[PDB]
Amino acid sequence: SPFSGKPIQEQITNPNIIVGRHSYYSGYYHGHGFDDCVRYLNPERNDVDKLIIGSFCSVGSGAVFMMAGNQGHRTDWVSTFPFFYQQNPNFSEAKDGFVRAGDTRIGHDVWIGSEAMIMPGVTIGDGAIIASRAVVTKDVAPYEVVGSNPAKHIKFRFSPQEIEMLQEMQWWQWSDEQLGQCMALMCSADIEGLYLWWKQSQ
Amino acid sequence: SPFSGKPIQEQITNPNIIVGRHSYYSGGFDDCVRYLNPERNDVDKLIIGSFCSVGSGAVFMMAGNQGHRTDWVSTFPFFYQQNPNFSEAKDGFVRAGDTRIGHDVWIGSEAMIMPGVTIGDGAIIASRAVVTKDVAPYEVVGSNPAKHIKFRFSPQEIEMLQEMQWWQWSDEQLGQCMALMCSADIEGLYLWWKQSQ
Amino acid sequence: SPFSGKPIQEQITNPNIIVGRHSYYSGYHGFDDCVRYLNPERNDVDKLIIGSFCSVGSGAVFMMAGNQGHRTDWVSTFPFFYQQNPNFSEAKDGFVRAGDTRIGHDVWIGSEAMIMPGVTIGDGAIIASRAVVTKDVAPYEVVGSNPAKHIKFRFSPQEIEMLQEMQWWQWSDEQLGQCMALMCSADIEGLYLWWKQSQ
Ligand SMILES: [Cl-]
């Protein structure tokens with residue numbers, strides 16, 4: 001169930017969600033599946049922040065991606081109440097307090113723990129791990145492990161040289177057949193071996 | 001849909017939930033309120049000021065300690081079993097007091113408000129905050145347990161807002177100063193209010 | 001219904017969940033929705049073991065299935081082994097067991113706490129609402145936050161040693177009835193003397 005889930009690309013119909021190959025969601029049997037993860041994302045506008053998810057990601061049950069930016073609430077105005085979005089004739093002069101946050105971008109090979117919450121506009125680099133229940137309020141670096149609320153640095157998965165090797169080779173770009181030829185290396189800690197294998201194919 | 005939605009006043013049936021005008025929930029709202037008995041007038045109530053914005057999946061914890069006494073041998077509420085063997089159990093329930101959310105409060109998505117907490121006017125509760133203690137007027141808090149982040153305005157601006165209490169004005173009066181309401185010009189709104197008195 | 005909820009022993013069918021008497025869940029979607037990723041058809045997986053007289057708040061989560069096949073130390077965390085893809089046939093199984101999750105007796109789990117895999121929580125512990133318990137919790141310890149951290153102990157070390165001797169959760173409901181005035185009190189020393197006289 002958490003090992004396989006169901007692939008996200010089949011579950012979504014919102015054009016503002018873009019997801020790469022093989023990425024899956026393990027909360028598939030709850031509610032409406034992956035769609036329930038995605039909060040406040042307008043499907044009928046092309047001028048809103050989108051949710052971009054790389055290939056080969058694993059999203060844990062109940063993860064939340066917060067979209068719609070500041071939801072019309074301006075902390076710096078007298079009131080956070082979104083007057084502009086009330087159908088009230090008295091409030092017709094209200095100014096739009098909506099502020100976009102930018103796209104939410106999740107890299108390739110990202111593992112998002114169960115019930116983590118990703119705040120608007122955050123970028124999570126390739127290979128990162130988001131602990132269960134983390135509240136990610138800032139960008140996460142490639143291969144970084146973070147947790148807590150607000151999420152904070154725990155560690156990196158690999159050495160800086162291994163990270164550079166992974167950033168050069170971009171194994172998620174290879175075909176499944178090419179990944180199948182080097183599956184013994186993919187399922188190992190031998191980053192150096194996989195880098196050498198990739199160079200010999202170039 | 002987080003910009004508006006169903007106003008809370010129209011979608012509650014629990015007499016122990018009292019909510020001011022225009023406050024809305026972007027999720028219904030009854031599912032936010034945990035363990036609140038709708039048939040008893042001797043329990044902690046949930047009081048919500050006007051012009052509040054409540055994010056999806058926020059939780060307001062009611063029913064106090066739920067009968068669990070951390071100072072007793074066991075936290076198991078023997079008193080609340082129908083078991084004849086426990087007939088002499090002592091009631092462990094301890095009320096927390098009303099939960100009181102002020103006017104113009106923004107409660108982030110999936111924040112949890114613990115029992116008996118007061119959240120002052122104009123406060124902002126970050127998404128996923130766990131609010132275990134009172135929050136001051138115009139204070140921003142986050143994390144678990146929630147901690148101080150910042151104040152939205154200076155002490156003198158807060159005092160101006162506490163004197164003018166714009167949420168008490170009619171929607172018609174608010175429309176007349178809407179350019180100011182949608183600005184950081186708190187002194188301008190204050191001078192505007194004084195000219196109307 | 002936070003005060004008595006409904007008993008867990010009667011609302012479970014997953015044989016990998018083992019729960020003591022009187023323990024109840026106050027979000028009755030029932031208690032089984034609290035248990036995440038637990039395979040009910042295998043006997044070689046981590047089990048969920050819950051003592052008697054526990055109180056589990058609404059929406060608590062018990063994370064099972066260990067690392068769910070994700071090896072942080074491998075090139076990728078993507079569980080190639082669990083994809084039915086013919087190209088990934090030589091994939092190695094990344095699953096690592098965490099060990100059983102063990103909740104002691106007389107444990108209060110706050111609403112929407114999450115218990116990570118392999119964790120042991122001692123008798124008498126209190127888990128604050130929304131705590132994320134990433135490591136073992138000691139008997140009669142109170143923890144909270146994310147990750148959970150020590151707050152206090154409910155009783156002194158001498159009182160805790162007394163409670164670990166007498167193990168009142170082992171007594172019958174009838175015996176507990178005979179000392180209910182002491183059970184509903186802070187008089188640990190009094191309950192210990194009562195127990196000594198009953199032996
Ligand atoms: Cl948290």
# chains A, B, ... in the order shown; residues from 1 in each chain; ligands from 1
call {"tool": "select_by_dssp", "arguments": {"residues": "region 97-169 of chain B", "states": "alpha helix (DSSP H)", "output": "count of residues only"}}
result
10
call {"tool": "interface_residues", "arguments": {"of": "chain C", "to": "chain B", "cutoff": "8 Å", "atoms": "only C-alpha atoms", "output": "PDB file with N, CA, C and O atoms, in the first residue's frame"}}
result
ATOM      1  N   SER C   1     -18.439  12.712  22.181  1.00  0.00           N
ATOM      2  CA  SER C   1     -18.251  11.567  23.063  1.00  0.00           C
ATOM      3  C   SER C   1     -16.787  11.325  23.439  1.00  0.00           C
ATOM      4  O   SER C   1     -16.283  10.218  23.268  1.00  0.00           O
ATOM      5  N   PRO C   2     -16.100  12.341  23.970  1.00  0.00           N
ATOM      6  CA  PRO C   2     -14.684  12.148  24.310  1.00  0.00           C
ATOM      7  C   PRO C   2     -14.472  11.300  25.550  1.00  0.00           C
ATOM      8  O   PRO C   2     -13.359  10.797  25.757  1.00  0.00           O
ATOM      9  N   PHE C   3     -15.506  11.117  26.372  1.00  0.00           N
ATOM     10  CA  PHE C   3     -15.316  10.607  27.726  1.00  0.00           C
ATOM     11  C   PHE C   3     -15.257   9.088  27.768  1.00  0.00           C
ATOM     12  O   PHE C   3     -14.520   8.520  28.579  1.00  0.00           O
ATOM     13  N   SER C   4     -16.034   8.413  26.927  1.00  0.00           N
ATOM     14  CA  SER C   4     -15.972   6.964  26.857  1.00  0.00           C
ATOM     15  C   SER C   4     -15.772   6.425  25.454  1.00  0.00           C
ATOM     16  O   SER C   4     -15.514   5.223  25.320  1.00  0.00           O
ATOM     17  N   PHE C  53      -6.693  -0.044  29.118  1.00  0.00           N
ATOM     18  CA  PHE C  53      -7.028   1.241  29.739  1.00  0.00           C
ATOM     19  C   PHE C  53      -6.377   2.431  29.043  1.00  0.00           C
ATOM     20  O   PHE C  53      -6.080   3.437  29.692  1.00  0.00           O
ATOM     21  N   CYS C  54      -6.170   2.342  27.731  1.00  0.00           N
ATOM     22  CA  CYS C  54      -5.681   3.473  26.959  1.00  0.00           C
ATOM     23  C   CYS C  54      -6.834   4.305  26.423  1.00  0.00           C
ATOM     24  O   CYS C  54      -7.934   3.806  26.184  1.00  0.00           O
ATOM     25  N   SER C  55      -6.562   5.595  26.242  1.00  0.00           N
ATOM     26  CA  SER C  55      -7.508   6.552  25.688  1.00  0.00           C
ATOM     27  C   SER C  55      -6.835   7.136  24.451  1.00  0.00           C
ATOM     28  O   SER C  55      -5.772   7.755  24.563  1.00  0.00           O
ATOM     29  N   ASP C 106      -2.614   2.316  30.271  1.00  0.00           N
ATOM     30  CA  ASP C 106      -2.984   3.612  30.862  1.00  0.00           C
ATOM     31  C   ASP C 106      -2.275   4.769  30.156  1.00  0.00           C
ATOM     32  O   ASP C 106      -1.726   5.675  30.788  1.00  0.00           O
ATOM     33  N   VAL C 107      -2.286   4.735  28.827  1.00  0.00           N
ATOM     34  CA  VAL C 107      -1.643   5.757  28.008  1.00  0.00           C
ATOM     35  C   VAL C 107      -2.721   6.605  27.355  1.00  0.00           C
ATOM     36  O   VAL C 107      -3.687   6.079  26.789  1.00  0.00           O
ATOM     37  N   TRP C 108      -2.556   7.901  27.450  1.00  0.00           N
ATOM     38  CA  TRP C 108      -3.471   8.876  26.865  1.00  0.00           C
ATOM     39  C   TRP C 108      -2.793   9.455  25.620  1.00  0.00           C
ATOM     40  O   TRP C 108      -1.749  10.113  25.723  1.00  0.00           O
ATOM     41  N   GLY C 124       1.403   4.588  31.409  1.00  0.00           N
ATOM     42  CA  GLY C 124       1.089   5.830  32.088  1.00  0.00           C
ATOM     43  C   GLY C 124       1.483   7.079  31.333  1.00  0.00           C
ATOM     44  O   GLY C 124       1.270   8.189  31.843  1.00  0.00           O
ATOM     45  N   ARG C 130      -1.423  16.394  18.668  1.00  0.00           N
ATOM     46  CA  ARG C 130      -0.574  16.764  17.539  1.00  0.00           C
ATOM     47  C   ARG C 130       0.908  16.505  17.783  1.00  0.00           C
ATOM     48  O   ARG C 130       1.740  16.944  16.979  1.00  0.00           O
ATOM     49  N   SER C 145       4.940  18.176  21.001  1.00  0.00           N
ATOM     50  CA  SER C 145       5.595  18.900  19.913  1.00  0.00           C
ATOM     51  C   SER C 145       5.985  17.957  18.780  1.00  0.00           C
ATOM     52  O   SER C 145       5.673  16.762  18.809  1.00  0.00           O
ATOM     53  N   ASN C 146       6.654  18.507  17.764  1.00  0.00           N
ATOM     54  CA  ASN C 146       6.938  17.794  16.524  1.00  0.00           C
ATOM     55  C   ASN C 146       8.365  18.132  16.111  1.00  0.00           C
ATOM     56  O   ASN C 146       8.615  19.226  15.580  1.00  0.00           O
ATOM     57  N   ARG C 154       4.587  12.468  35.230  1.00  0.00           N
ATOM     58  CA  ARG C 154       3.366  12.651  36.012  1.00  0.00           C
ATOM     59  C   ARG C 154       3.609  12.451  37.502  1.00  0.00           C
ATOM     60  O   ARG C 154       2.891  13.030  38.324  1.00  0.00           O
ATOM     61  N   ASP C 173     -11.694  -5.852  37.006  1.00  0.00           N
ATOM     62  CA  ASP C 173     -12.576  -4.702  37.176  1.00  0.00           C
ATOM     63  C   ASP C 173     -13.191  -4.683  38.570  1.00  0.00           C
ATOM     64  O   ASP C 173     -13.392  -3.610  39.148  1.00  0.00           O
ATOM     65  N   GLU C 174     -13.478  -5.862  39.127  1.00  0.00           N
ATOM     66  CA  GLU C 174     -14.061  -5.953  40.466  1.00  0.00           C
ATOM     67  C   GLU C 174     -13.098  -5.440  41.532  1.00  0.00           C
ATOM     68  O   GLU C 174     -13.501  -4.696  42.436  1.00  0.00           O
ATOM     69  N   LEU C 176     -10.509  -3.338  40.961  1.00  0.00           N
ATOM     70  CA  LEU C 176     -10.393  -1.900  40.741  1.00  0.00           C
ATOM     71  C   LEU C 176     -11.578  -1.167  41.356  1.00  0.00           C
ATOM     72  O   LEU C 176     -11.431  -0.057  41.883  1.00  0.00           O
ATOM     73  N   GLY C 177     -12.760  -1.775  41.296  1.00  0.00           N
ATOM     74  CA  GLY C 177     -13.916  -1.189  41.954  1.00  0.00           C
ATOM     75  C   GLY C 177     -13.695  -0.959  43.434  1.00  0.00           C
ATOM     76  O   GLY C 177     -14.137   0.050  43.987  1.00  0.00           O
ATOM     77  N   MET C 180     -11.546   2.319  43.952  1.00  0.00           N
ATOM     78  CA  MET C 180     -11.819   3.388  42.999  1.00  0.00           C
ATOM     79  C   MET C 180     -11.581   4.766  43.607  1.00  0.00           C
ATOM     80  O   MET C 180     -11.135   5.680  42.906  1.00  0.00           O
ATOM     81  N   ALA C 181     -11.841   4.926  44.914  1.00  0.00           N
ATOM     82  CA  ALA C 181     -11.555   6.203  45.559  1.00  0.00           C
ATOM     83  C   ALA C 181     -10.070   6.529  45.488  1.00  0.00           C
ATOM     84  O   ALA C 181      -9.688   7.690  45.304  1.00  0.00           O
ATOM     85  N   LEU C 182      -9.217   5.515  45.627  1.00  0.00           N
ATOM     86  CA  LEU C 182      -7.781   5.715  45.473  1.00  0.00           C
ATOM     87  C   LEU C 182      -7.379   5.872  44.002  1.00  0.00           C
ATOM     88  O   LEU C 182      -6.484   6.665  43.689  1.00  0.00           O
ATOM     89  N   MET C 183      -8.009   5.116  43.092  1.00  0.00           N
ATOM     90  CA  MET C 183      -7.695   5.245  41.669  1.00  0.00           C
ATOM     91  C   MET C 183      -7.988   6.647  41.172  1.00  0.00           C
ATOM     92  O   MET C 183      -7.294   7.167  40.287  1.00  0.00           O
ATOM     93  N   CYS C 184      -9.042   7.254  41.695  1.00  0.00           N
ATOM     94  CA  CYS C 184      -9.406   8.611  41.308  1.00  0.00           C
ATOM     95  C   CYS C 184      -8.790   9.623  42.267  1.00  0.00           C
ATOM     96  O   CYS C 184      -9.463  10.496  42.814  1.00  0.00           O
ATOM     97  N   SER C 185      -7.487   9.488  42.498  1.00  0.00           N
ATOM     98  CA  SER C 185      -6.797  10.360  43.438  1.00  0.00           C
ATOM     99  C   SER C 185      -5.327  10.415  43.057  1.00  0.00           C
ATOM    100  O   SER C 185      -4.854   9.654  42.214  1.00  0.00           O
ATOM    101  N   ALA C 186      -4.600  11.317  43.707  1.00  0.00           N
ATOM    102  CA  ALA C 186      -3.154  11.392  43.556  1.00  0.00           C
ATOM    103  C   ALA C 186      -2.416  10.558  44.597  1.00  0.00           C
ATOM    104  O   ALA C 186      -1.184  10.622  44.665  1.00  0.00           O
ATOM    105  N   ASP C 187      -3.143   9.763  45.386  1.00  0.00           N
ATOM    106  CA  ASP C 187      -2.584   9.052  46.536  1.00  0.00           C
ATOM    107  C   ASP C 187      -1.941   7.726  46.111  1.00  0.00           C
ATOM    108  O   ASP C 187      -2.365   6.640  46.510  1.00  0.00           O
ATOM    109  N   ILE C 188      -0.880   7.840  45.298  1.00  0.00           N
ATOM    110  CA  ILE C 188      -0.146   6.663  44.826  1.00  0.00           C
ATOM    111  C   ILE C 188       0.325   5.817  46.004  1.00  0.00           C
ATOM    112  O   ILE C 188       0.188   4.586  46.004  1.00  0.00           O
TER     113      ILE C 188
END
call {"tool": "residues_around", "arguments": {"residues": "residue 7 (chain A)", "least_positions_apart": "4", "cutoff": "12 Å", "atoms": "only C-alpha atoms", "output": "PyMOL selection string"}}
result
(chain A and resi 2-3+11-12+19-28+33-34+55-59) or (chain C and resi 83-84)
call {"tool": "closest_atom_pairs", "arguments": {"of": "chain C", "to": "chain A", "cutoff": "10 Å", "atoms": "only C-alpha atoms", "output": "CSV"}}
result
residue,atom,partner,partner_atom,distance
C:33,CA,A:30,CA,9.4
C:36,CA,A:61,CA,8.5
C:37,CA,A:1,CA,6.2
C:38,CA,A:1,CA,8.6
C:39,CA,A:1,CA,8.3
C:61,CA,A:114,CA,9.9
C:63,CA,A:114,CA,8.9
C:64,CA,A:2,CA,9.5
C:65,CA,A:2,CA,7.6
C:66,CA,A:2,CA,9.7
C:67,CA,A:3,CA,9.0
C:68,CA,A:3,CA,5.3
C:69,CA,A:3,CA,5.6
C:70,CA,A:3,CA,7.9
C:71,CA,A:187,CA,8.3
C:72,CA,A:157,CA,6.6
C:73,CA,A:189,CA,5.7
C:74,CA,A:189,CA,4.5
C:75,CA,A:186,CA,5.4
C:76,CA,A:109,CA,6.2
C:77,CA,A:109,CA,6.6
C:78,CA,A:56,CA,6.0
C:79,CA,A:3,CA,6.3
C:80,CA,A:187,CA,8.0
C:81,CA,A:3,CA,8.5
C:82,CA,A:4,CA,5.6
C:83,CA,A:4,CA,6.2
C:84,CA,A:4,CA,8.7
C:85,CA,A:176,CA,8.6
C:86,CA,A:180,CA,8.3
C:87,CA,A:180,CA,4.7
C:88,CA,A:180,CA,5.1
C:89,CA,A:180,CA,7.4
C:90,CA,A:183,CA,5.9
C:91,CA,A:183,CA,5.5
C:92,CA,A:187,CA,5.9
C:93,CA,A:187,CA,8.1
C:94,CA,A:187,CA,7.6
C:95,CA,A:3,CA,8.4
C:113,CA,A:133,CA,9.9
C:114,CA,A:133,CA,8.2
C:116,CA,A:132,CA,8.7
C:130,CA,A:133,CA,9.3
C:131,CA,A:133,CA,9.6
C:132,CA,A:133,CA,7.5
C:145,CA,A:148,CA,8.7
C:146,CA,A:148,CA,5.4
C:147,CA,A:148,CA,6.2
C:148,CA,A:148,CA,9.7
call {"tool": "write_last_selection", "arguments": {"atoms": "N, CA and C atoms", "output": "compact mmCIF listing (two decimals), in the first residue's frame"}}
result
# COMPACT_ATOMS: atom_id res chain seq x y z
N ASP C 33 -9.17 3.48 10.87
CA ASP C 33 -8.66 4.59 10.07
C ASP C 33 -7.43 5.23 10.69
N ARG C 36 -2.12 3.15 9.88
CA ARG C 36 -1.70 3.49 8.52
C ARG C 36 -0.73 2.43 8.01
N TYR C 37 -1.09 1.79 6.89
CA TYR C 37 -0.22 0.94 6.09
C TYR C 37 -0.01 -0.44 6.69
N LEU C 38 -0.88 -0.89 7.59
CA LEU C 38 -0.70 -2.17 8.27
C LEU C 38 -1.33 -3.29 7.46
N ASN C 39 -0.50 -4.25 7.06
CA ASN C 39 -0.96 -5.36 6.23
C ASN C 39 -1.69 -6.38 7.09
N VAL C 61 -2.74 8.89 14.59
CA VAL C 61 -2.18 8.11 13.50
C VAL C 61 -1.07 7.22 14.04
N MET C 63 1.76 4.99 12.45
CA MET C 63 2.45 4.70 11.20
C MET C 63 3.05 3.30 11.25
N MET C 64 2.57 2.42 10.39
CA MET C 64 3.13 1.08 10.28
C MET C 64 3.87 0.96 8.94
N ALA C 65 4.28 -0.27 8.62
CA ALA C 65 5.00 -0.60 7.39
C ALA C 65 6.40 0.00 7.33
N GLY C 66 6.97 0.37 8.47
CA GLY C 66 8.40 0.64 8.53
C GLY C 66 8.80 1.75 7.58
N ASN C 67 9.83 1.51 6.78
CA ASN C 67 10.27 2.52 5.82
C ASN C 67 9.44 2.52 4.54
N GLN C 68 8.40 1.70 4.44
CA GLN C 68 7.53 1.67 3.26
C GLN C 68 8.33 1.43 1.98
N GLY C 69 9.47 0.74 2.09
CA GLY C 69 10.29 0.41 0.94
C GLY C 69 11.23 1.50 0.47
N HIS C 70 11.28 2.64 1.16
CA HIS C 70 12.13 3.77 0.79
C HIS C 70 13.47 3.66 1.51
N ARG C 71 14.56 3.50 0.75
CA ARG C 71 15.90 3.47 1.32
C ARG C 71 16.53 4.85 1.11
N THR C 72 16.64 5.63 2.19
CA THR C 72 17.26 6.95 2.06
C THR C 72 18.71 6.83 1.60
N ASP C 73 19.36 5.71 1.91
CA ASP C 73 20.77 5.52 1.62
C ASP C 73 21.03 5.02 0.20
N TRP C 74 19.99 4.61 -0.52
CA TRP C 74 20.13 4.21 -1.91
C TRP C 74 20.02 5.45 -2.81
N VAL C 75 20.46 5.30 -4.06
CA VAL C 75 20.42 6.37 -5.06
C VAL C 75 19.09 7.11 -5.00
N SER C 76 18.00 6.36 -5.02
CA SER C 76 16.64 6.86 -5.05
C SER C 76 15.84 6.26 -3.90
N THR C 77 14.88 7.03 -3.39
CA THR C 77 13.90 6.54 -2.43
C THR C 77 12.69 5.91 -3.11
N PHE C 78 12.64 5.93 -4.43
CA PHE C 78 11.51 5.37 -5.16
C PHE C 78 11.54 3.86 -5.05
N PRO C 79 10.49 3.20 -4.53
CA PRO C 79 10.56 1.73 -4.34
C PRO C 79 10.39 0.95 -5.65
N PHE C 80 11.47 0.91 -6.43
CA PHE C 80 11.44 0.18 -7.70
C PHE C 80 10.97 -1.25 -7.53
N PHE C 81 11.27 -1.87 -6.38
CA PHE C 81 10.94 -3.28 -6.18
C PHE C 81 9.44 -3.51 -6.16
N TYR C 82 8.68 -2.51 -5.72
CA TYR C 82 7.24 -2.63 -5.56
C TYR C 82 6.47 -2.06 -6.75
N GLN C 83 7.15 -1.81 -7.86
CA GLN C 83 6.51 -1.41 -9.10
C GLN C 83 6.44 -2.62 -10.02
N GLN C 84 5.25 -2.87 -10.58
CA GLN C 84 5.02 -4.08 -11.36
C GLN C 84 5.67 -4.01 -12.73
N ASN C 85 6.66 -3.14 -12.88
CA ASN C 85 7.26 -2.85 -14.17
C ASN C 85 8.26 -3.93 -14.56
N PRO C 86 8.18 -4.47 -15.78
CA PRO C 86 9.13 -5.53 -16.17
C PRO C 86 10.56 -5.06 -16.25
N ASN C 87 10.78 -3.77 -16.54
CA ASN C 87 12.14 -3.24 -16.60
C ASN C 87 12.81 -3.25 -15.23
N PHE C 88 12.02 -3.18 -14.17
CA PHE C 88 12.54 -3.08 -12.81
C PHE C 88 12.60 -4.44 -12.13
N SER C 89 12.75 -5.52 -12.90
CA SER C 89 12.71 -6.86 -12.33
C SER C 89 13.91 -7.15 -11.44
N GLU C 90 15.08 -6.60 -11.76
CA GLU C 90 16.27 -6.83 -10.95
C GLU C 90 16.34 -5.89 -9.75
N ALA C 91 15.25 -5.18 -9.44
CA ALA C 91 15.24 -4.28 -8.29
C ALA C 91 15.35 -5.06 -7.00
N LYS C 92 16.06 -4.49 -6.04
CA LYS C 92 16.20 -5.09 -4.72
C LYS C 92 15.16 -4.49 -3.77
N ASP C 93 14.69 -5.33 -2.85
CA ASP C 93 13.67 -4.93 -1.91
C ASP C 93 14.26 -3.97 -0.88
N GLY C 94 13.77 -2.74 -0.87
CA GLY C 94 14.21 -1.73 0.07
C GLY C 94 13.47 -1.70 1.39
N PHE C 95 12.51 -2.59 1.59
CA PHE C 95 11.74 -2.57 2.83
C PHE C 95 12.63 -2.92 4.02
N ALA C 113 -2.25 13.12 17.32
CA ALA C 113 -0.84 12.75 17.43
C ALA C 113 -0.51 11.70 16.37
N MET C 114 0.75 11.68 15.95
CA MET C 114 1.25 10.67 15.03
C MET C 114 2.36 9.91 15.72
N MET C 116 5.33 7.31 15.15
CA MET C 116 6.15 6.82 14.05
C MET C 116 6.42 5.33 14.25
N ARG C 130 -1.42 16.39 18.67
CA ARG C 130 -0.57 16.76 17.54
C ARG C 130 0.91 16.50 17.78
N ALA C 131 1.27 15.78 18.84
CA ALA C 131 2.66 15.36 18.98
C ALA C 131 3.03 14.42 17.84
N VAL C 132 4.29 14.47 17.41
CA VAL C 132 4.81 13.52 16.44
C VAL C 132 5.90 12.74 17.17
N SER C 145 4.94 18.18 21.00
CA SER C 145 5.60 18.90 19.91
C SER C 145 5.98 17.96 18.78
N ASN C 146 6.65 18.51 17.76
CA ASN C 146 6.94 17.79 16.52
C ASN C 146 8.36 18.13 16.11
N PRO C 147 9.33 17.22 16.34
CA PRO C 147 9.21 15.91 16.99
C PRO C 147 8.91 16.00 18.49
N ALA C 148 8.27 14.98 19.06
CA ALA C 148 7.91 15.06 20.47
C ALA C 148 9.16 15.13 21.34
call {"tool": "interface_residues", "arguments": {"of": "chain B", "to": "chain A", "cutoff": "7 Å", "atoms": "only C-alpha atoms", "output": "PyMOL selection string"}}
result
chain B and resi 1-4+51-53+104+106+143-144+152+171-172+175+178-179+181-184+186
call {"tool": "residues_around", "arguments": {"residues": "residue 126 (chain C)", "least_positions_apart": "4", "cutoff": "8 Å", "atoms": "only C-alpha atoms", "output": "PyMOL selection string"}}
result
chain C and resi 107-110+140-143
call {"tool": "write_last_selection", "arguments": {"atoms": "N, CA, C and O atoms", "output": "mmCIF file, in the first residue's frame"}}
result
data_model
loop_
_atom_site.group_PDB
_atom_site.id
_atom_site.type_symbol
_atom_site.label_atom_id
_atom_site.label_comp_id
_atom_site.auth_asym_id
_atom_site.auth_seq_id
_atom_site.Cartn_x
_atom_site.Cartn_y
_atom_site.Cartn_z
ATOM 1 N N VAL C 107 -2.286 4.735 28.827
ATOM 2 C CA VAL C 107 -1.643 5.757 28.008
ATOM 3 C C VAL C 107 -2.721 6.605 27.355
ATOM 4 O O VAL C 107 -3.687 6.079 26.789
ATOM 5 N N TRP C 108 -2.556 7.901 27.450
ATOM 6 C CA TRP C 108 -3.471 8.876 26.865
ATOM 7 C C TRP C 108 -2.793 9.455 25.620
ATOM 8 O O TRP C 108 -1.749 10.113 25.723
ATOM 9 N N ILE C 109 -3.360 9.181 24.444
ATOM 10 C CA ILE C 109 -2.812 9.693 23.177
ATOM 11 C C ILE C 109 -3.708 10.835 22.727
ATOM 12 O O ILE C 109 -4.912 10.640 22.502
ATOM 13 N N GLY C 110 -3.133 12.036 22.675
ATOM 14 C CA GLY C 110 -3.894 13.209 22.311
ATOM 15 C C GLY C 110 -4.379 13.158 20.876
ATOM 16 O O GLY C 110 -3.834 12.444 20.030
ATOM 17 N N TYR C 140 5.165 6.997 32.383
ATOM 18 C CA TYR C 140 4.626 8.182 33.056
ATOM 19 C C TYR C 140 5.261 9.481 32.572
ATOM 20 O O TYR C 140 5.197 10.505 33.260
ATOM 21 N N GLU C 141 5.844 9.469 31.377
ATOM 22 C CA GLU C 141 6.370 10.687 30.773
ATOM 23 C C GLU C 141 5.292 11.397 29.967
ATOM 24 O O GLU C 141 4.438 10.761 29.341
ATOM 25 N N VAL C 142 5.341 12.725 29.992
ATOM 26 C CA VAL C 142 4.457 13.590 29.216
ATOM 27 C C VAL C 142 5.313 14.235 28.131
ATOM 28 O O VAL C 142 6.323 14.880 28.441
ATOM 29 N N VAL C 143 4.941 14.042 26.862
ATOM 30 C CA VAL C 143 5.715 14.604 25.760
ATOM 31 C C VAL C 143 4.787 15.373 24.826
ATOM 32 O O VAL C 143 3.576 15.142 24.772
#
call {"tool": "select_by_dssp", "arguments": {"residues": "region 26-138 of chain B", "states": "strand (DSSP E)", "output": "ChimeraX atom specification"}}
result
/B:26,33-34,46-48,53-55,59-61,99-101,106-107,112-113,118-119,124-125,130-131
call {"tool": "closest_residue", "arguments": {"among": "B:27, B:46, B:131, B:13", "to": "ligand 1", "atoms": "only C-alpha atoms and all ligand atoms"}}
result
B:131
call {"tool": "closest_residue", "arguments": {"among": "C:133, C:125, C:160, C:17", "to": "residue 43 (chain C)", "atoms": "only C-alpha atoms"}}
result
C:17
call {"tool": "closest_residue", "arguments": {"among": "C:40, C:59, C:104, C:5", "to": "residue 20 (chain C)", "atoms": "only C-alpha atoms"}}
result
C:104
call {"tool": "closest_residue", "arguments": {"among": "A:118, A:126, A:140, A:50", "to": "residue 100 (chain A)", "atoms": "only C-alpha atoms"}}
result
A:50
